[PDB]
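Residue numbers (the deposited numbering): 37 to 80, 83 to 88, 94 to 100, 108 to 169, 177 to 224, 227 to 237, 241 to 273. Think of the CB as a built atom: it goes at the ideal place given N, C-alpha and C, for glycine as much as any other residue. Scroll down for the structure; my scribbles are underneath it.
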């Protein structure tokens, strides 16, 4: 029986009801291996505290995403880069310690207008999106696979722009985590059910990058 290390409250990634896209992906992997699926639930030292499989974190990567810029639709048209001069007077929200914070300090985007959230709402990224919907901030810098679905649930239209022009890097490949023969069997599953896994990522508005 496939045992997956997952979070019972971490939408859009996973939830105990099985509604996250990593639950759908773990269900695809279990069906491919002709086996049942069970979870060891724990809240996100998650790894060594936790089962046999981690869906998102190594095996061959099955998608590549980036940190994104999120803003209310129509307020910062064509916003693509962190050095855009329109951000100098904007309230910016970001999770403290995340990779983009080095570029913010590099561009002197520091101080009062920078809302650093510590890593009411299910996740900290959900709160940042909610603060953006309630105009408590004007710009949100979050991990793509989380912000895409969360923006769809916010209630106000938003623009999700992947950060591709920032010189640490802000783009990351995502693989499964684990026994290199077991990693070999999982790489086989990712290679076969690629079209099904990629369709699940698109349904949850996960920004997908090439290469």
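Quickly, what does DSSP pair residue i with across the bridge? List them, please.
i, result
"residue 41", "76"
"residue 219", "118"
"residue 264", "Answer is none; residue 264 lacks a bridge partner."
"residue 232", "114"
"residue 96", "40"
"residue 147", "In DSSP, residue 147 forms no bridge with anything."
"residue 165", "143"
Helix, strand or coil for residue i, going by three-state DSSP, please let me know.
i, result
"residue 46", "strand"
"residue 134", "coil"
"residue 184", "helix"
"residue 197", "strand"
"residue 257", "helix"
"residue 208", "helix"
"residue 191", "coil"
"residue 51", "strand"
"residue 241", "coil"
"residue 269", "coil"
"residue 252", "helix"
"residue 202", "helix"
"residue 126", "coil"
"residue 85", "helix"
"residue 63", "helix"
"residue 157", "coil"
Under 8 angstroms by Cβ, that's how I've got residue i and residue j pegged, so tell me the actual separation to the nearest angstrom.
i, j, result
"residue 201", "residue 165", "Residue 201 to residue 165, Cβ: 19 angstroms. No contact."
"residue 163", "residue 136", "At roughly 12 angstroms, the Cβ-Cβ gap does not stay under 8 angstroms, so residue 163 and residue 136 are not in contact."
"residue 235", "residue 79", "So it is not a contact: roughly 20 angstroms between Cβ atoms."
"residue 96", "residue 39", "7 angstroms"
"residue 76", "residue 88", "6 angstroms"
"residue 153", "residue 213", "With 8 angstroms as the limit, residue 153 and residue 213 do not qualify as a contact, their Cβ atoms being about 26 angstroms apart."
"residue 181", "residue 145", "6 angstroms"
"residue 205", "residue 169", "Actually they are not in contact, since the Cβ atoms of residue 205 and residue 169 sit about 19 angstroms apart, beyond 8 angstroms."
Please say whether residue j and residue i have beta carbons closer to each other than 7 angstroms?
i, j, result
"residue 116", "residue 229", "yes"
"residue 197", "residue 185", "yes"
"residue 37", "residue 65", "no"
"residue 227", "residue 111", "no"
"residue 45", "residue 179", "yes"
"residue 233", "residue 113", "yes"
"residue 68", "residue 251", "yes"
"residue 120", "residue 208", "yes"
"residue 109", "residue 249", "yes"
Taking 6 angstroms as the cut-off, is the beta-carbon of residue i closer than that to any non-hydrogen atom of the ligand GDP?
i, result
"residue 44", "Because no ligand of any kind appears in the structure shown, any question about the ligand GDP cannot be addressed here."
Worksheet item: Any chance the segment 51 to 70 sits against the segment 182 to 195, with 3 or more Cβ pairs inside 8 angstroms?
Response: no
Fill in: Touch test, the segment 204 to 222 against the segment 260 to 273, Cβ-Cβ under 8 angstroms, three pairs minimum
yes
Worksheet item: Hey, is the segment 252 to 262 in contact with the segment 125 to 132, meaning 3+ C-beta pairs nearer than 8 angstroms?
Response: no
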